[PDB]
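See below for the structure under consideration.
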Amino acid sequence: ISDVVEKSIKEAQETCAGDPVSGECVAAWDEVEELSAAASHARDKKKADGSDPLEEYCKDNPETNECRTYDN
Amino acid sequence: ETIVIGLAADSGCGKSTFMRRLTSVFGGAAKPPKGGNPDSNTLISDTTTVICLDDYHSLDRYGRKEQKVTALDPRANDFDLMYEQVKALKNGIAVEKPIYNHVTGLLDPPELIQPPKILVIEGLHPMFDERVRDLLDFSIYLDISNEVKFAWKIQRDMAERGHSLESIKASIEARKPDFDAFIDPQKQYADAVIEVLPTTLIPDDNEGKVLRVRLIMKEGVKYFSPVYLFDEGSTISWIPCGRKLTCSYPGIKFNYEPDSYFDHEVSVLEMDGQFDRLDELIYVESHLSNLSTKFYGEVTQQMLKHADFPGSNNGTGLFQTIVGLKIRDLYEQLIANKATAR
Amino acid sequence: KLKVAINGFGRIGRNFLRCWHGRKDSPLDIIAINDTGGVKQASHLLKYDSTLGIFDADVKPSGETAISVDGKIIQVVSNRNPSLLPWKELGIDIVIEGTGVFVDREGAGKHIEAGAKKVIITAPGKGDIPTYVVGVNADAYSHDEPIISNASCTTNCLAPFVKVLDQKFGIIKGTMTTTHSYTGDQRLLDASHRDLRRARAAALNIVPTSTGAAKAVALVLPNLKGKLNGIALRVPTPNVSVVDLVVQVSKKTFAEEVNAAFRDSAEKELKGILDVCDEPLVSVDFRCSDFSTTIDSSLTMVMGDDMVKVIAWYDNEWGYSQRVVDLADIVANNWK
Amino acid sequence: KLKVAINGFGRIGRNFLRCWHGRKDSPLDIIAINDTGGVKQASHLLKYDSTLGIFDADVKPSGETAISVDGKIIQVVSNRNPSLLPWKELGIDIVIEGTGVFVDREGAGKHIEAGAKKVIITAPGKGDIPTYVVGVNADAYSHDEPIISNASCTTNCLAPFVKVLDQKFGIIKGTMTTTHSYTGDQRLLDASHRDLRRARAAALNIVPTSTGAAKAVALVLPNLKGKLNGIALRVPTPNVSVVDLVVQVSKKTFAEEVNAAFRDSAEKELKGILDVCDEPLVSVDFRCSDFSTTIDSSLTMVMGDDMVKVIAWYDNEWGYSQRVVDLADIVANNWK
Amino acid sequence: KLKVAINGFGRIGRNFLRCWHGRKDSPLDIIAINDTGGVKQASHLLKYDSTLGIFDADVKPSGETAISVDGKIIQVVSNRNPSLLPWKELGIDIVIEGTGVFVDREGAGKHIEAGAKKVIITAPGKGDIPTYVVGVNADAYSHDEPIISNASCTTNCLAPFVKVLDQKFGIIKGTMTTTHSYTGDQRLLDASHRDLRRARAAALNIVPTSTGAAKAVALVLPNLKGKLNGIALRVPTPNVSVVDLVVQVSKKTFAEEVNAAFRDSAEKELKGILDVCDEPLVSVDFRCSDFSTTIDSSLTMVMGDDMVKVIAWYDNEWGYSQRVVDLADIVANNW
Ligand SMILES: NC(=O)c1ccc[n+]([C@@H]2O[C@H](COP(=O)([O-])OP(=O)(O)OC[C@H]3O[C@@H](n4cnc5c(N)ncnc54)[C@H](O)[C@@H]3O)[C@@H](O)[C@H]2O)c1
Ligand SMILES: NC(=O)c1ccc[n+]([C@@H]2O[C@H](COP(=O)([O-])OP(=O)(O)OC[C@H]3O[C@@H](n4cnc5c(N)ncnc54)[C@H](O)[C@@H]3O)[C@@H](O)[C@H]2O)c1
Ligand SMILES: NC(=O)c1ccc[n+]([C@@H]2O[C@H](COP(=O)([O-])OP(=O)(O)OC[C@H]3O[C@@H](n4cnc5c(N)ncnc54)[C@H](O)[C@@H]3O)[C@@H](O)[C@H]2O)c1
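Structure, rendered in structure tokens:
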């Protein structure tokens, strides 16, 4: 995740070394922008599960004693 | 009989908390579909289904690297397939939608989704294509200023290990020429547009915690009455703090006045500051009019419910739920008049 | 002569078997049961029950696949995933989904994938699932819908006398509270649960809980959308639950007029669905009462002139299990 | 300092002694007890309480007419008729009526003719009796009145959070029902009783009972006269109880603002009387609560714009017993 | 300063922590808790308990992975598989096995396979496993045993007042029947369960269940191999239970001499384990009792001259947890 962000941002920095202004730079920066947003949503989902593991466990197993939620 | 809503965004597909408020306004909750691809950008609610415009992408991640096009570029998106599926979704026909996984970057096998009660299309080109623009029953675009956007990038996306501070400024400067010509001129088509700017109360610190936000609403839109402050058509500068309401630094400021927005007639609502507590949150909402609210304090209840989400006390989320309630009032009037003709 | 199946052999599933057995001239022939415990348990817990007593029927197993009740053979297949069930082999027409998880269209449709012509969900359906309650919108049912939901025992008790209150008196806004018996979801001793309130011991505590019952009455009566909301209190009684609902009516009335409005409504349009009791009674007296809602005549009182409080007793398992049988009878009446 | 005796060593009588024991520099000094049970039972049941646990003090009988609690000796007498009681000899200034038998001014005035200066009763009085609630009406007490009442366990819980709603919002009319724990008046198993709903087994039933609490708060707040009504529901829990109140206010408001009004008033002038609970909780977590009322913030809920529902918790045995101590301290402070 | 952690945060897991918190000076330090539970979920169940009352501490969550208890922070890992648990990373010495699903050597070894140096099973272990009871079998323990099992709730009660009975009177034969309080094993209402007796509603009625505790005393007292057996009866009370032992002693004796033996044995040999009670109490008064057994003196009868019936109470949740805490101290002192 973050290791592939570091590889992408290093290569994007190196690709802009050949061209101060070109369409290859905007190609390299567009990817790095998408990868960073992708790491952000993975970071949020990892944090969201850590506080409440059971709702993710109840997602797959709703019949167990911890997960049953009957109304009335 | 479904309803199409268009929202343009730059930060991410569903990354904005705008969608969380809108689903909760007209649904219990929203979730990704059960099973299928774990990277499906679609969200499913009881009445709402979010659609990602990144999915209607002509080229995979590997393909765009060998071309000059960016993700925001029109050639990378294919509007020809997008309009076909949306028009089929509009009448109530099942569709097959490809998936653009942000992690892998390769177009996955298409997922099928059923016609929703309310359809929203999040992305970057809802109103860019003129054919799709007609299908839209409501048009939203929130403008994020470069100063506050760069501020938001640092405060949230700098923590990634690879990024450097000046490297982030190198990213949005490369994105600026493509975004300025192809994404920015969509402001005229938008029925309602939200600007965010640095505050003028405090000495212009660019943290983005307390920002300045304007709500620009097109007037003359059917099933849409703009929110006004104490008088429709006049110009008002109101500071709520005083004898009965006392609050601390920085403070709260408002500005309601008419404007001309790209040869259109609009009325703007400005809010500058942040909410310190509940007492001024009701005080502000109480004095606003044409809220399209079912009961007293509905805006406050939806904001306190989602208070932990970012920007829930600085006015960004406040106008997001106000716009969110407006889509509901637009929805209920429209389906009733359609039902009389139906 | 409809072949009906039972997918959840819990508290409601066993009552459905007891309610179908006691009935005469029912178009349902129960031939299939799906308990995760197996044939050995389903033979036993049906025979002896703590709240209903011993079944007056020779319930004994017949092989390791089926059980026999009073000569009639019912098949017991144990499978957690419903898609692999041999519903098409048996050719069952309806499925009584009493498990309590498959409350969505995608989950309950796995029965339809197994060859089931129709599925009845004993829980209030999640999403755009048509909710029909017996006695209010029963005639709105058409055979076209493959999946239908019978609403909550609170709603099954709340909807009938609210229909009487809304029509004859005119209701503006109402608040509801239900003192409910404890259910299988609650833990016996304190342990982890999704809801921290439910996680506490049911036998020793008054457990408040969230219910969508008052919001679910909007589905059966379109007028009441946005007019009601409610909470539930889970008291240490096993079977009998009581609900009290206070409304703000439009027509100025007094207390005994509300009771007299529930008597003519009982005999005329809700006979067998709603009753009124004029004697000092407690929870245990209303055991095995087929009436989905039973008003307590002594306790209703109106404060002011247009704020009406009326409380009513009902059996959560048995009274609601009968309504499922009535609903399935309506389904069997309108076939193809 | 002030000689105080207890007539009736019931649940309130036992809770009074232990709440008084935990106090610091309390002016009252308990000198006598009047329970028909005898010294062996009073000494034993004081030490070992089933609901409150054991007493963290040394309790041993002193001689055969008195008990010694943590060194302090307390005379114990047993008599049904209060006129024969020796309040002249012991010179008792304040006698507490925990029997629940003498609630009329004629009957409960026998202690004065026995030699007692002032009698306060633990129940709502019958006839003309001044009824006070600490934090609402206890600031308007005149020493000349020799017979006083601390209102019931519900009425003491109602009045504080009801007073805030009338002052801040203004109430038009309201109703309540209190899901009360069971008490000593109910029969353990079904046997003869003048109130037939109390005859039923309290351990297995939801006993509904008429109450005077909603009507008694009109004695405490004069502008609320003829605007509240309520009935009680007794469920099989030993100690803790809840009360929910629905009122039609005048000022338009919503749910969270009422909690903000309750939280602000709980810190400002009802400190130690009202507390707002923000966690998902349950009855036993409010065992031995010192507040007269603890609002549950999660369940507060409004409908329309002016109908407010509020759920509150109270310890009927202990939390009410603390207010009897605090009211008796009030009498002793301006005792002249 | 011995680093220990808990694998099950149920009744015995929570009671263990609060029993450890009451100790004035202990060599145990808790760092991690493994459970199917969140941080807000585990903290709220620790502070508020329907049985023992509110925990007298300052319990709050510190982060999304740990809780704060009276100023001390403990991480809350959540993984049902023990072999994938982070024990070596936190530095755990022993692990309290309170799940009840790992009582075999194959299963309970998944902790030492993951980085534990010892585990304590809170149940009668399956197969060849050391079974130790404090005050009776505490001495016969070495550092060699990697897995040890503290016996069941009523075994830690039955062994103390039998060890004195067997040595001073001699036990020819006997039986036992403990009227036990309902546990998390039974079901609230009638639901699916493999034990057709326990499958029925626990709060409503009496449930007979088999027990191995009568046989399990031969593991700590080998002088009783094949002389004691008995059953248990689940009754609708939440916590505290009572035991009834009728043995055919060899030496002729009367009733008052039986109580005299327990009084003298409690003063020196079993000080802290066994106690005698003389007042007419009921179940709820024995809550949070640290003694594994409190003999009811006025109930001890003798029939003929050689049949002795004794009745004793015990807090299975609290008293047995204290024995786990006391037995965990024995592991630390012999490290
Ligand atoms: N009184 C009531 O309990 C009541 C009243 C009205 C409505 N309801 C609703 O109706 C439903 C009936 O619930 P209940 O009272 O039977 O609860 P329960 O606890 O008795 O049900 C448990 C049963 O469900 C079965 N089950 C669980 N998962 C399964 C799976 N994957 N496949 C097959 N079977 C499975 C098990 O065999 C078990 O016997 C509940 O969801 C409740 O919300 C209940
Ligand atoms: N439910 C509650 O716990 C609660 C709470 C608040 C107030 N109250 C009011 O408290 C009063 C006491 O309640 P309670 O349950 O403690 O009473 P109780 O039933 O515990 O009282 C019985 C006690 O009164 C003694 N007693 C009875 N008659 C007597 C007599 N003639 N002379 C002397 N002693 C007598 C009894 O032997 C016993 O000691 C009632 O007035 C009740 O309304 C009750
Ligand atoms: N009452 C006693 O003192 C007594 C008597 C006999 C046996 N025991 C032993 O203790 C257990 C009884 O404890 P209880 O029933 O009071 O507690 P419990 O069953 O109420 O709670 C156990 C907790 O452990 C967690 N858990 C279950 N499986 C797990 C897994 N695979 N991984 C991680 N966590 C898991 C659960 O979430 C649960 O909260 C028995 O199974 C037995 O091993 C205790």
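Chains as they are written, first to last, in this note's numbering: chain B, 1 to 72; chain E, 73 to 414; chain L, 415 to 750; chain Z, 751 to 1086; chain H, 1087 to 1421. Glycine residues also receive a C-beta, built at the ideal position from the N, C-alpha and C atoms.
Spatial neighbours of Z/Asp1076 in its own chain (CB-CB distance under 7 Å, excluding positions within 5 residues in sequence) are listed in chain order as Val884. Residue state for H/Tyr1400 is assigned as strand, using DSSP reduced to three classes.
Scanning chain Z for C-beta atoms nearer than 7 Å to the C-beta of E/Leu376 yields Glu1006, reported in chain order. Below the 8 Å Cβ cutoff, chain B contributes no neighbours of L/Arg611, its closest Cβ being approximately 11 Å away.
In this structure, the beta-carbon distance from L/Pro496 to L/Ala456 does not fall below 8 Å. Taking 8 Å as the cut-off, the Cβ atoms of L/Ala617 and H/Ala1289 count as close.
Distance from the CA atom of H/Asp1350 to the CA atom of H/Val1396, rounded to whole angstroms, is 16 Å.
Between the alpha carbons of L/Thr597 and L/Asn730 lies a gap of roughly 10 Å. Within the segment 964-1004 of chain Z, the complete beta strand (DSSP E) segments of 3 residues or longer fall at 978-985, 990-999, listed in chain order.
Of all residues in the segment 114-129 of chain E, only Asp118 place a beta-carbon less than 7 Å from a beta-carbon of chain L.
DSSP places H/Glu1175 in the coil class of the three-state scheme, outside both helix and strand.
As a beta-bridge residue in DSSP terms, E/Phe326 pairs with E/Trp310, E/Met343.
When distances are taken from the beta-carbon of L/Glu683 to the heavy atoms of ligand 2, even the shortest one reaches 7 Å or more. The alpha-carbon of Z/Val1081 is positioned some 52 Å away from that of H/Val1410.
Non-local C-beta neighbours of Z/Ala807 in its own chain, meaning closer than 7 Å and more than five positions away in sequence, comprise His771, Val819, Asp820, ordered along the chain. Annotation: the segment 479-542 of chain L contains the following complete segments of the beta strand (DSSP E) (minimum length 3 residues), in chain order: 480-483, 486-490, 508-511, 532-535.
Taken atom to atom, the span from the alpha-carbon of E/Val76 to that of H/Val1125 is near 41 Å. The shortest C-alpha to C-alpha distance from L/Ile620 to any of Z/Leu978, Z/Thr959, Z/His930 is the one to Z/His930. At a cut-off of 7 Å, the beta-carbon of H/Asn1402 counts as near ligand 3: some heavy atom of the ligand is closer than that.
A straight line joining the alpha-carbon of H/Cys1243 with that of Z/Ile783 spans about 40 Å. Annotation: B/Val26 to E/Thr142 spans about 7 Å, alpha carbon to alpha carbon. In this structure, L/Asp699 is the residue among L/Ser712, L/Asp699, L/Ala674 with its C-alpha nearest to the C-alpha of L/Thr465. In this structure, the alpha-carbon of B/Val21 lies about 58 Å from that of L/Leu610. For the segment 990-1019 of chain Z, the beta-carbon criterion of a distance under 9 Å to any beta-carbon of chain E is satisfied by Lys1002, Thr1003, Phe1004, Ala1005, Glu1006, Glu1007, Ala1010. Not one heavy atom of ligand 3 falls within 7 Å of the beta-carbon of H/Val1328.
Distance from E/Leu178 to E/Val220 at the Cβ level is roughly 34 Å; contact not present, criterion being Cβ atoms closer than 8 Å. For H/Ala1288, the closest Cβ of chain L is nearer than 8 Å. Distances between the C-beta of L/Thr450 and the heavy atoms of ligand 1 include at least one below 7 Å. Considering only E/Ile308, E/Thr89, E/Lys106, E/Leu196, the residue with the shortest C-alpha distance to E/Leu125 is E/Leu196.
Neighbours of E/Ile354 in chain Z, taken as residues at a C-beta separation under 7 Å, are given in chain order as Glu1007. Pairing Z/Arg855 with Z/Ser899, the inter-Cα distance amounts to about 11 Å. Residue range 23-51 is occupied by the alpha helix (DSSP H) that includes B/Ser40. Listed along chain E is no residue with a C-beta nearer than 9 Å to that of B/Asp49; the closest approach is about 13 Å. Per the C-alpha coordinates, the member of L/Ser712, L/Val491, L/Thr707, L/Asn747 positioned closest to L/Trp732 is L/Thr707. Our two residues, E/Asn218 and E/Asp380, have alpha carbons roughly 25 Å apart in a direct line. Per DSSP, reduced to three states, the secondary structure at E/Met230 is coil, with no helix or strand assignment.
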